[PDB]
Amino acid sequence: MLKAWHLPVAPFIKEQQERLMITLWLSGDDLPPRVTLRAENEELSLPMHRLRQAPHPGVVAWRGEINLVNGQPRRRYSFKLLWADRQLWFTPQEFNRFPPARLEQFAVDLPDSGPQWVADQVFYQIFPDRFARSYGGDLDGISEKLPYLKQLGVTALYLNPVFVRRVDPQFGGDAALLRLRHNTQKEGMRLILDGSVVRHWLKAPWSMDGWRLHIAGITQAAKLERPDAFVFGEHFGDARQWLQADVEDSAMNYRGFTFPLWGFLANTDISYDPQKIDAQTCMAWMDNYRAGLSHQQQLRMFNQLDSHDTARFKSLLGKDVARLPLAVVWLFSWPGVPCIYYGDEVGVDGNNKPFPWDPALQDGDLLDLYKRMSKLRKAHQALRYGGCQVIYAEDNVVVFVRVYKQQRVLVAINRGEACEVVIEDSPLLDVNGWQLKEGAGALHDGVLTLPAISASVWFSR
Amino acid sequence: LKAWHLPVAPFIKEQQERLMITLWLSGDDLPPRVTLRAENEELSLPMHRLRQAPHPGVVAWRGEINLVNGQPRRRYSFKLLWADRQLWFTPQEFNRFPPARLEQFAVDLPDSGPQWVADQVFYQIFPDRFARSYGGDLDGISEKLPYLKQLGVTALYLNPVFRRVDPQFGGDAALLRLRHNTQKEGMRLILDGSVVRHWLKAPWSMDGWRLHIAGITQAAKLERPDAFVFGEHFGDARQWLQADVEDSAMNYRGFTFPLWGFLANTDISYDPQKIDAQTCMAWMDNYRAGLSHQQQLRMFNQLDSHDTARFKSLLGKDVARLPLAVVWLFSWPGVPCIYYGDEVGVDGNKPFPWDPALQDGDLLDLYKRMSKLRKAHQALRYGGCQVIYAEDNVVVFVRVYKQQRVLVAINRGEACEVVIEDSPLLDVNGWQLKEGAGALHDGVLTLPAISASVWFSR
């Protein structure tokens, strides 16, 4: 059986001066005697050579390189495996018998001009009226509750709504936003507002970090005033045409994250229509969306379980509310920036409720899980810059591994009865050993033993 | 469970400001509800079920899109609903998870594109090697216009031309004589490229251009609204076409190279390909799915042009498949472009043989025959397209327009027999064989070696 591995990330890619080194792993009994690196606005057949040293037992590696001196910054490429009588393509979505779409190839953004600080963030979306009064909640309440959020792991705020260009008088007006700006700066937290005007709130003294919004005229203006500005869109549907044209840095990833989990974990969708979706279909869905985005784009994607236009995810789970911790691990370990909707971390429910500041009205076991996943992401670069490969997706069980240099982060998710899962030997899983850091699952000799309705995270040492 | 829909009548109808959409379903556990998922706001439109079966064993669902609001490209899909699960029906059959927005059915209502392109047969000319009035010129093309009309050509594509017309071809004046003469013969003219507008206005009044790129198209359409602007793309042209900066593309990814691989075991890199009918049809249908029906009718289909080897040569020892590709060029959605000399057997990697003893007359008649068939049958020009059958050596698809059906069977290998699953798209009074020597008898499709046959519904 032919096998292949590649992710748009080290150990698979390295920049040496103006050359992008690209490496493919192969395995099987009838290996292609040649492989061409197929890259780009002219398409090029770049020859690859086979390396002497096996990177892992039973694997042969091929290497080619792209010249970065010419060409647009988004470097798209795929692999064309060559036999004497036939060819096979290797792509973000496994093998292809016929050439993949230009926008479904691997891509890395070199140079990356996107907002590089986003991948290092943990976001918190606030409905100002319902969060904290200094119902009547306002921006000074948020300012007062900054220690709470810092204790939670928040590093960036998204305010929706803000304006009535004037801040709503009910929230404290312009002057309270100037305090919140000063106060987040002193707390090292980014601040993003929901919306000439784009440039006005990005300049001093407002100096906001970005906006929630052809339409590229807005993004170009925002980047002119502030080069590391974050411009992302609200899309309940397929945002890829906008993202594939760089008019937005990112999108609230409903199609690529939220609705798959709604289907796999909560049997529903945005129309509250029923979904009977298994693990294999959910990862086909999630891996298919991702493929239209570069690795850098994937890391800036806005992942959430709910926002202000949706019911609370805790409510949608209904009788299956025990699966909620599965979604919290997943929110922090799937590529992209996590966005917590205010109150999710303490157990707020409801459909489409003021924040309970009284600790007896909070779910503390859930709040601790958020703190644990927060510390895990901040402490491990693979959770923030790593590539992502789905290792296993059958029925109730999802297993994927984040990959960055030597680091491996294994995530195993089980929505149903306790079970044992046979993990095929994988050169991506060839580590010294594994340290269990979240959940209570067992990895012993190729087997993953998973409690019912559980999610567990292992880290490579 | 089975399902059928094509972005064309009888499945689509415009009634004033509402587009009626009809879905056919068949099977033993049919969905109790179906919602039409339509289009920059996504809408869940309710569909109601029709009382009368349009074909035996088929139940129909109908909904409507309000055309008063919204962009002209009407994209939609079907969301089948049970009590416990859902399933999507798309241009690429059923899907378990939502299709991409650019993987939907789409119709252009109103169509602002050049509606005349679908009614054409194009002919690409390298002026130096075609006709002297090696010394070929535009006055040669004018003198050979009767020959081209006899072939069925209705539009010419000149490459190269030039910014000024090359003096070796007769200069600006020989092109103006070519422009006037093609107009009197009812023929369109496309030049290969403010320059955009001066050649589309009088006295040049060319019918279009071959090629940010939106500015060029915008200028072409401002001077001439039915201007045809298409790009030469060897790769995935979909991002340009899905953004309306081009009217069309030389369909290398969606037609030529699938056919190079399935028929000639090669590709643009002259790398080997082992592509079967399943993979070839999966490939061609996948590309199409990113384009509206109107766009698909404008796609520039070719077997080769000036940057490629001759398809007759690429077939090498399998040159007997050549008439298979000529039938296919004229019946797959899109406009055929004949590369000058293909119709008389020119090969190479090439002066035109005007001596009839240096011409292949049997191949030339096939070109004439297919031209008359396409020009005389609307389904070959405006019809939707459904793959009926695709395994190993045999491709079977049907063009669908209102009540008309055009059935096309292609066999790359040995004589063989094929069982065609009953399809409500093939529920006709009868079929009349108009091209080739195939046979259709009670679910059996008998196909000669290395053949392609075309049937028409009566």
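Residues numbered from 1 in each chain as written, not as in the entry; some residues may be left out. Chains lettered and ligands numbered in written order. Heavy atoms only, no water. Residues with missing side-chain atoms left out of burial classes, pairs and counts.

As annotated in the PDB entry, chain B is APG-truncated loopB from Klebsiella grimontii.

The name recorded for chain A in the PDB entry is APG-truncated loopB, from Klebsiella grimontii.

Let's talk about the side chain of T217(B)
All names here are of chain B. We apply this condition: Each helix corresponds to a stretch of at least 4 residues labelled H or I by DSSP, and each strand to a stretch of at least 2 residues labelled E; elements are numbered beginning at the N terminus. Type-normalised accessible area, obtained with a 1.4 Å probe on protein chains alone, sets the label of each residue: buried when under 20%, exposed when over 50%, and partly exposed for intermediate values. Residue contacts follow a heavy-atom distance rule, with two residues in contact if any of their heavy atoms lie within 4.5 Å.
Relative to the assigned elements, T217 resides in helix α5 (residues 213-223). Among the residues examined, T217 registers a relative accessible area of 6% and is labelled buried. Excluding residues within four positions of it along the chain, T217 makes contact with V229 and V245.

Remarks on the pattern of salt bridges
The test is simple: Salt-bridge detection follows one rule: a side-chain nitrogen of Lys or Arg within 4 Å of a carboxyl oxygen of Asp or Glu.
Following the criterion strictly, the structure yields 50 salt bridges over all chains and no others. Across the pair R384(A) and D120(A) runs a salt bridge, and its minimum N-O distance is 2.8 Å. Of the residues examined, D120(A) reaches a relative accessible area of 35% and is grouped as partly exposed. A salt bridge links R298(B) to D111(B); the nearest nitrogen and oxygen atoms lie 3.3 Å apart. The class for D111(B) is partly exposed, based on a relative accessible area of 23%. The network of salt bridges with common partners includes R181(A), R190(A), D209(A), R226(A) and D228(A).

Regarding the domain arrangement of chain B
All names here are of chain B. Rule in force here: Domain delimitation in this document rests on an assignment produced automatically or drawn from a domain database. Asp, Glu, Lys and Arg are counted as charged, while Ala, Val, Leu, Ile, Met, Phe, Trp, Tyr, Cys and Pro are counted as nonpolar; the rest, among them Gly, fall into the polar class.
Domains assigned within chain B are domain 1 (2-106), domain 2 (117-376) and domain 3 (384-457). On a C-alpha basis, the centres of domain 1 and domain 3 stand 27 Å from each other. With eleven residues of domain 1 at the contact, the number on the domain 3 side is 13 residues. The residue inventory of the side of domain 1 that touches domain 3, partitioned by class, reads nine nonpolar, one polar and one charged.

Describing helix α3 (residues 173-186) of chain A
Residues and elements named next belong to chain A. For clarity, the threshold we go by: One less than the number of residues in a helix, times 1.5 Å, gives the span that helix is expected to have. The arc in question is the one traced by the directions running from the helix axis out to the C-beta atoms.
Helix length check: α3 (14 residues) gives 20 Å between terminal C-alpha atoms against 20 Å at 1.5 Å per residue, within 8%. The complete set of buried residues in α3 reads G173, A176, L177, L180, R181 and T184. Buried residues of α3, seen end-on, are gathered within an arc of 145° and therefore sit on one face of the element. On the buried face of α3, the contacting elements are α1 (139-144), α2 (146-152), β13 (156-159) and β14 (190-194). Note on α3: the residue one or two positions beyond its end, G188, has a positive phi of about 65°.

As for the interface of chain B and chain A
By a frequent convention, interface size equals the accessible area lost on bringing the separate parts together. Keep this limit in mind: Each of two parts loses accessible area, computed with a 1.4 Å probe, when they are put together; buried area is these two losses added. Side-chain atoms alone can form a polar contact between residues adjacent in sequence; in general such a contact is a pair of N or O atoms within 3.5 Å, and within protein one must be able to donate a hydrogen while the other accepts it.
Listed by partner, the interface residues are 37 residues for chain B and 37 residues for chain A. Buried surface at the junction of chain B and chain A, summed over both partners, amounts to about 2900 Å²; 50% is from carbon and sulfur atoms. Contact with chain A buries area across many residues of chain B, yet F97(B), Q239(B) and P272(B) alone supply 19% of it, more than any other trio. Here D267(B) and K80(A) are joined by a salt bridge, their closest N and O atoms 2.7 Å apart. Counting the contacts that link chain B with chain A gives 17 residue pairs in polar contact. Of all the elements in the fold, those that place two or more residues in the side of chain B that touches chain A are β8 (73-81), α6 (238-241) and α8 (277-288) of chain B.

Digging into the sheet that holds strand β27 (residues 454-460) of chain A
Residues and elements named next belong to chain A. Let me state the cut-off plainly: Strands were regarded as paired on the criterion that DSSP finds at least two bridges between them. Helix axes are fitted only over the stretch in contact, all axes being lines through C-alpha atoms; the angle between N-to-C directions runs from 0 to 180 degrees.
Overall, antiparallel pairing links the five strands, which are arranged β20-β21-β22-β27-β24 in an open sheet. Of all strands in the sheet, those bounded by a partner on one side alone are β20 (387-394) and β24 (434-438). Taken pair by pair, the neighbouring strands of this sheet meet at an average axis angle of 20°, ignoring direction. Pairing of strand β21 (residues 397-404) with strand β22 (residues 407-414) involves eight bridges; the strand directions are antiparallel. In the sheet register, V398 faces β22, and the bridge partner there is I413. Sheet contacts for helix α8 (residues 279-290): β20 and β21; angle to β20, the most-contacted strand, approximately 160°. Seen against the sheet, helix α11 (residues 324-333) touches β21, β22, β24 and β27 and runs at an angle of roughly 150° to β22.

What to know about the environment of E424(A)
All names here are of chain A. You can see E424 is positioned in the loop between β23 (419-422) and β24. For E424, a relative accessible area of 57% puts it in the exposed group. Taking the C-alpha atoms as reference points, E424 and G446, separated by 22 residues in sequence, lie 6.7 Å from one another. At 2.5 Å, the side chain of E424 forms a polar contact with the side chain of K3.

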